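Asks:
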Amino acid sequence: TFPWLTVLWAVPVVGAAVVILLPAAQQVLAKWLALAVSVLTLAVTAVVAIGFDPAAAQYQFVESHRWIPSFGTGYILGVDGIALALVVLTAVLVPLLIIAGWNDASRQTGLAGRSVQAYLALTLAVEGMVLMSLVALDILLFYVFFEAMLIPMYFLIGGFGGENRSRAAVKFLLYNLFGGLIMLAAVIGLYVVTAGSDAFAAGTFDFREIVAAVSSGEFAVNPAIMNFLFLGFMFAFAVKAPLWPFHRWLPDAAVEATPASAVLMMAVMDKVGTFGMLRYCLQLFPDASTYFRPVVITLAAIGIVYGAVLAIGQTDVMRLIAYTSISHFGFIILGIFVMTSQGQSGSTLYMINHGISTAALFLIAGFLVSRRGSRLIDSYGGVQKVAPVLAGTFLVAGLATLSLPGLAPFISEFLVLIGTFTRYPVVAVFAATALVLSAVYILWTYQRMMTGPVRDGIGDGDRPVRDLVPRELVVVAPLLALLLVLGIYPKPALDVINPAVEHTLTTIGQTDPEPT
Amino acid sequence: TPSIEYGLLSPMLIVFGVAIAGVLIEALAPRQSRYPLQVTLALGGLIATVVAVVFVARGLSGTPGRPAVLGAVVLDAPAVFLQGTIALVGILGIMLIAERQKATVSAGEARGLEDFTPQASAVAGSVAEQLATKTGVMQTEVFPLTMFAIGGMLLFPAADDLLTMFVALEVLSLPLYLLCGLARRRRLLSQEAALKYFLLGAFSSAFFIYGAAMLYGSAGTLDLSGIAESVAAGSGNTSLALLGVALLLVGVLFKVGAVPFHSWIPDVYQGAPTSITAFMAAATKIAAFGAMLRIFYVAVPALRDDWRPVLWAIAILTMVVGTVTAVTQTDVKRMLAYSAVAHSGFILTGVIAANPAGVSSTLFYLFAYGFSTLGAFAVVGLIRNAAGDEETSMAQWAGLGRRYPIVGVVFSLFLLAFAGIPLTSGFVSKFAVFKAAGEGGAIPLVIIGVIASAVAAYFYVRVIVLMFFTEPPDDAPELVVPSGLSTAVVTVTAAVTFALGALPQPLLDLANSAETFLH
Amino acid sequence: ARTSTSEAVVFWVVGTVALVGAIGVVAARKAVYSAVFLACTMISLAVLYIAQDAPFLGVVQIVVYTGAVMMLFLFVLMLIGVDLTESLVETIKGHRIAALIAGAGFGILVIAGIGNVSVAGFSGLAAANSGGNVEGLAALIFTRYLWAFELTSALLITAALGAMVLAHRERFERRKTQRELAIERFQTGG
Amino acid sequence: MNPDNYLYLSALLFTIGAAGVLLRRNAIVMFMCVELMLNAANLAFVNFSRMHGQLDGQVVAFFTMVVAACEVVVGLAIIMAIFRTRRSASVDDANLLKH
Amino acid sequence: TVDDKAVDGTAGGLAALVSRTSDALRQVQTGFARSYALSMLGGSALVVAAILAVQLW
């Protein structure tokens, strides 16, 4: 059998290496080669998805090799429905981010003229590491790449990006790396516990073996040790997926980085955190996850409402979008930890829809910010008159993030909310208030920016706000199309997500509560 | 007659014979030909040594090591692994040491790119020093000294007796004392570093020998296996044994750089020649930790319940004080010295494990970190101010990567290896030591080391921030290559650092096979 | 365990001299006094070695340390002063008290760790020195410790190299010879 | 007399030597104090060799004497190098490397 | 205000504490060889710890 996942994750990295190795004089050719690598990765993802059988075994396209037996970790890849969803999201988004950031690195000087090549290579490396993390079926391999993906993104923020890029990159890398190091403590504890248990020949990192051992009850561990390990994993994923109050790194990095890099971070990269909760936290520590479910549920709900409120209070458009994304990750984690088929399937579909919707909205806001010279909300006005298409696409993206039923995110949010209510009705209502808060922070921003009299310098002056160029349409139209398709007909995604979710719940001894 | 295992002793024998031959070259070779022979004699001599090691390694595929000189030397798998590591690091360090001036109109290039003053006895800045520099003279006696240091270090892990271990400590220490004071630039700082290192090293060695005396009194023997038998059988005093273990630990900790004994490392690494600093920070750490491993895994395992609590504190301090003190540092070399302190702490966490996993993790950690440190310091040696002095002021490195992307990327790789980022040999290395500690019941040390690594990542990352994210200053420094040797060292070191991160199972199997000392 | 009363008296007097010599080395305000006190301590320790059935070691101590302390006295005159009286005022704030406290604590802890050891048996060395103390030392040195013996040669070479590199001045600064000084436009006399 | 007294004396001498290294700025006096420390170690070794009825401790004392002489010579070379530039033999003068 | 002063405030306080401790420790690096020798002679701490490990304290 062909090692499809190995190629899937290797192609982005090899392409990044080739791109960075290109001479300085091939900048345009470097851009086209990076786009071609992204498209090849997307084709690999497409064939994997097409061959994926949701009715078949839980894990498919499994590749297994000995990598570091001394550490009890093997090169084990395999994609489930949950992993496949995020893999498809990353594969589809990365080319769109590349064609969105086509010229983001143009103005950067020095670096032996490799600025464009460096930017493209870093983006492709992030894509490859994210993909391999998604497909990895080994705790230590997954941790390796979950932590490694930070560095390319750290360079991508610090290099390129705004004036305060350095501080933002430092805060990013240090928050995420402190979390990853706590994960390292938890992972070493997991290895030690597995070694001390007769369930395994020795200390083990094979995710499937450990999951089976814990589910069968053979790998019984002291609930305190399991609680500590789960706390480490959850803390790492909570800094990665911006669970409140650990979110404070995300706004600065998102605003200071280039729009494509910021989207890659929030839309794609940060998802690895939430996915990490869904695959490991629940399945490695079902008892600890169940015990801590109230606390994590409360934190997710507070994140939803608090991020919505802050987004309402923001004056910078991009920071507003970042806080919106924080609230959306709040929804994702709330749906994950409620441990309901509806809740978890909705959270996965929400990972997908939020990736797409935040990508669209953030990229459109980035285009608008590039047209002008300031990110301030008050710096704009009546933009709809000058750039009808830009304003229309921004409205559609906001409506998506606003969770309209005609667009994909609602389907997920609904599904999450439903799942939350059956177990924690008060939390469900508290989250549902975010439906109002999202209308607020989307439509008020639209009113402030696109409506009213055309602000000075928007339709005239040296930096007028011209409508979207064809390339920006190439970026935007696919995202809006995915939003509309996953809103009208989400079933193709759910058909893949629902089985994997069931297998997950079956694994953790959880079931949707019976109706009264 | 006493049987001598020349084959086993072929390592350290090639090295000491080569050092003696280099002294002969100094004695009776014409000036114009001293450097070509010495570098030819040194490098080749180490290459032979490396070959010898592998042959010895093959010889050890049978019996688990064997004594060589009627005790006093034991070549077991850990010993040969450490000796191979030291030989490789010595090859790289001598390649650094042999670097001359990149080029000039006058032929008098005088081993200056390697920061070695043409005449150490000349007063700094004196007309004699200027005339010596102009004439292109250079003290090639450095090459023999280095050999001797390597010699001593090669013996220090392999010493199976307290007396031999002490002699090896002195043999490796004295050449380093001398070499720390030969810097070409900032001669005052280099002389101060040499004086501090000599004073504190003599202090620590006095403690080391006093601890050896205490151990000998407790066990009535100097062989480490004999001391182990004495302590295990309870025939010893059991108080002198503990006191001697503590005093011996003082010396070995000074050599590795634990916090109660770390203070020498920052000053010495800053003041010493950059090439000498690069070679030393790797090789001395490797040798000292090898001796510590032999002491705590062969000589005195039985008193684990007695000395384990102490090392914890040391390790803890070493991870905290070593890292926290590095946070506010503004000098690249000084920061890297504090990083060496913190990494000594990380090694000590694995040493505390007191399990074969501990030995394997420590051996791999030493290999990978010696390489990474050597490469980082070699790169630091290339950043030259306008005046030509090694530009170590960290603020001056702003935009350095944006001007030299290849060197910037290599140095960032080394820094991330030090921080322990995955896909770097440093992460595999930290994971090995922390896994050994966790298996050994020291998971609190794992947690503290994790927090220390989180702290240290900040100051490792600040360098990358300045290098790439900041614009170059008006008077920014420039690279001096300066020759093929330096480029080869940097490239080999970066390649090893990356390979042992991506594909560690090679050499990790070797470390695993070296989990057992000969008792 | 107990030793001959003669040995007890020898230890008391000679070790009193040795302790006073060490105290003088630390406390003597004139560096030359420190060198003399070091010589006294070394000779006292040699006498103690002789008393402890180590005649060769004591005699070698006397010889080599006589030489070494003579050389240190020479370097005191060369580098410090012929009769310079050091101030010994603590230059680092609070360092003197801290150093004294640390030294006292370390000594007390070391003595506590030593405790009673000879109570656990004290073999008479007469068995080993039988056949000659120097003969036994030769047997051990060149059989059990020939490796360390050879490495002492490396120590000597390193010391010589350090002396030649750091301390030896070279042609660019060699003092002018009387012949050279006389011949300088006839500088010296005209 | 109990033989263990010899060890206590060593413990004192070593201690004093240690204190000397802390208390005296002169490099030469520091060398003298290091010599005191090493000779206290030698005395301990001789006492233990007598205690165990073997000469190994005496051999170790001999080798410690060799090491002490070599270390003293290396320190003297370093101090000559420093003095020729700074015209001072104080350890506290080499204070440039700090913080 | 909570975000800017409380949430971000915890990280800011952690960074301030780390920087203050780093400066305090760097002040220990007085640059005098004799102060370093005093810290080394603090190895009396190691000796007493090893001795007390059997004192059961």
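Protein chains in written order, with the entry's author numbering: chain M, 4 to 519; chain N, 3 to 521; chain J, 13 to 202; chain K, 1 to 99; chain L, 573 to 629.
Backbone N, C-alpha and C define an ideal beta-carbon position, used for all residues, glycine too.
1) Between which residues of its own chain and M/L180 is the CB-CB distance below 8 Å, once the five residues before and five after are set aside?
2) Only counting the same chain, and skipping five residues up and downstream in sequence, which positions put a Cβ closer than 7 Å to that of N/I453?
3) Figure out for me which residue from N/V381, N/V144, N/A355 and N/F436 has the closest Cα to the Cα of N/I27.
4) Could you tell me the boundaries of the beta strand (DSSP E) in which M/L80 lies?
5) According to DSSP, simplified to helix, strand and coil, what is K/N5?
6) To be precise: take each residue of the region 119-131 of chain J, compare its Cβ to all Cβ atoms of chain L, and keep it if any distance is under 9 Å. Which residues remain?
7) According to DSSP, is J/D95 helix, strand or coil?
8) Between M/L398 and the rest of its own chain, which residues show a CB-CB distance below 8 Å, the 5 nearest in sequence each way excluded?
9) In angstroms with no decimal places, state the Cα-to-Cα distance between M/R117 and N/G403.
10) How should M/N167 be labelled, buried or exposed, when 16 other C-beta atoms within 10 angstroms of its C-beta is the threshold for buried?
11) Could you check which residue in N/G138, N/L224 and N/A79 has the C-alpha nearest to that of N/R186?
12) Out of N/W399, N/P475 and N/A380, which one is the CA nearest neighbour of N/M97?
13) Does the beta carbon of N/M321 fall short of 7 Å from some heavy atom of the ligand COA?
14) Can you check whether the C-beta of K/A19 is within less than 8 Å of a C-beta belonging to chain N?
15) By Cβ distance, which residues of its chain are closer than 6 Å to residue 3 of chain J, with the 5 residues on each side in sequence left out?
16) So, is the C-beta of L/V626 closer than 8 Å to a C-beta in chain J?
17) Taking Cβ positions only, does L/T593 come closer than 8 Å to chain A?
18) With 16 as the cutoff for other CB atoms within 10 Å, does M/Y492 come out buried or exposed?
19) From the beta carbon of residue 208 of chain J, is the nearest beta carbon of chain L less than 8 Å away?
20) Can you pull the chain M neighbours of L/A588, defined as C-beta to C-beta under 8 Å?
21) Output needed in chain order: residues of the region 168-189 of chain J with a Cβ under 7 Å from some Cβ in chain N.
22) Answer yes if the region 358-366 of chain M comes into contact with the region 404-411 of chain M, meaning at least three C-beta pairs across the two stretches below 8 Å, and no otherwise.
23) Quick check: the Cα distance between M/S344 and M/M268, rounded to an integer number of angstroms?
24) Rounded to whole angstroms, what's the CA-CA distance from K/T85 to N/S128? Just pull it up for me.
25) If you follow the alpha helix (DSSP H) that N/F205 is in, where does it begin and where does it stop?
26) By Cβ distance below 7 Å, which residues in the same chain neighbour M/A442 in space, the five residues on each side in sequence not counted?
27) Would you tell me roughly how many angstroms separate the C-alpha atoms of M/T93 and M/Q513, rounded to the nearest one?
28) M/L253 and M/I329: beta carbons closer than 8 Å?
29) Helix, strand or coil: how does DSSP classify M/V65 here?
30) Closer than 8 Å, CB to CB, is J/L89 near chain N or not?
31) Sorted by chain position, which residues of the same chain lie with C-beta nearer than 6 Å to M/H250's C-beta, five sequence neighbours on each side aside?
32) Pop quiz: N/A74 and N/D163 are said to be a contact at Cβ under 8 Å. What is the actual Cβ separation, rounded to whole angstroms?
33) Can you list, in chain order, the residues of the region 406-421 of chain M whose Cβ is nearer than 9 Å to any Cβ on chain N?
34) Does the structure place the region 46-61 of chain K close enough to the region 61-78 of chain J that three or more beta carbon pairs sit under 8 Å?
35) Compute the beta-carbon to beta-carbon distance between M/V419 and M/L337, rounded to the nearest angstrom, for a pair I have assumed lies under 8 Å.
36) Rounded to the nearest angstrom, what separates K/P3 and J/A43 at their Cα positions?
Replies: In this structure, then:
1) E150 and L153
2) none
3) N/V144
4) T76 to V82
5) helix
6) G119, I120, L121, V122, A124 and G125
7) coil
8) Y449 and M453
9) 12 Å
10) exposed
11) N/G138
12) N/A380
13) Summarising the ligand content, the structure contains no ligands, and the ligand COA is consequently not present.
14) no
15) In the structure as shown, chain J starts at 13 and stops at 202, and residue 3 of chain J therefore has no counterpart that could be examined.
16) no
17) Considering every chain present, this structure includes no chain A. Its protein chains are M, N, J, K and L.
18) exposed
19) Because chain J is modelled from 13 through 202, residue 208 of chain J falls outside the range shown and cannot be assessed.
20) Under the 8 Å cutoff, chain M gives no residues; its nearest Cβ is about 14 Å from L/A588.
21) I169, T170, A171, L173, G174, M176, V177, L178, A179, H180, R181, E182, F184 and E185
22) yes
23) 28 Å
24) 9 Å
25) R189 to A221
26) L405
27) 29 Å
28) yes
29) strand
30) no
31) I329
32) 4 Å
33) none
34) yes
35) 6 Å
36) 34 Å
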